[PDB]
């Protein structure tokens, strides 16, 4: 019935790009440049959070079956954003996605689109739909971040600060392969656990079981704290090397 869209940590080490020689460090950079390309091109076009994440999820899934050495990332990123716009009922014309892509990529980067950039994106729509197996519907951690945080009763300012900082962590988790690892429900819970530590907030003090430390077990089921520590470590790695400000 439904395909499985999640890989182990070992499965994420033998991607088609790893087989064709590309090193993990460079592939990690190719996914950041691609995710942030889709994000920016969608932001300048007025697209919202559920559309940008869907395109970025198509991007991460696409390069689980194809190699970066065979498909330019910025070309695939534009084709993912073009499809997500039609899937999420906020379609943007193919001409507008190109006119915005050239205003963000330099001559070398835009050289990936070739002579007819639009035609190079239309053709890639065929293989993109086949690579994702026509599985268009995708949920994202944003919707769960809101619902989970809405059932919290307590300090208004503290809870609001917890949400907006976790909101940025979800914007960053799209730069990694976390979506390829865990369900969005676990990602939304993890970013809250991470935000709660950096803010020194007692999230259990805002629920129905203030004595129960594992406050999250009332939102998602069977997720040990070690799994949360893994997601937090991968998100904080983006903040290493001063790549971003907390």
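C-alpha atoms forming the largest set that superposes within 1.5 Å between two forms make up the rigid core. Positions refer to the first chain, counted from 1.
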After superposing on the rigid core, the stretch whose C-alphas lie farther from this form in 4 other deposited structures of this protein, comparing 152 to 160 with 73 to 81, is 152 to 160
With B-factors read from the PDB entry, the higher C-alpha mean of 21 to 29 and 234 to 242 is in 234 to 242
Going by the entry, of stretches 203 to 211 and 30 to 38 the one with greater average Cα B-factor is 203 to 211
Per the deposited entry, the peak Cα B-factor within the set 197, 60, 66, 48 goes to 197
Assert third(CA B-factor, residue 114) within chain per record equals highest
Quick tally, chain-level thirds of C-alpha B-factors: residue 77 sits in the lowest
Chain thirds by Cα B factor, record data; residue 130 belongs to the lowest
Chain-relative C-alpha B factor for residue 99 (record values, thirds): the middle
Residue 123: CA temperature factor from the record, placed by chain third, in the highest
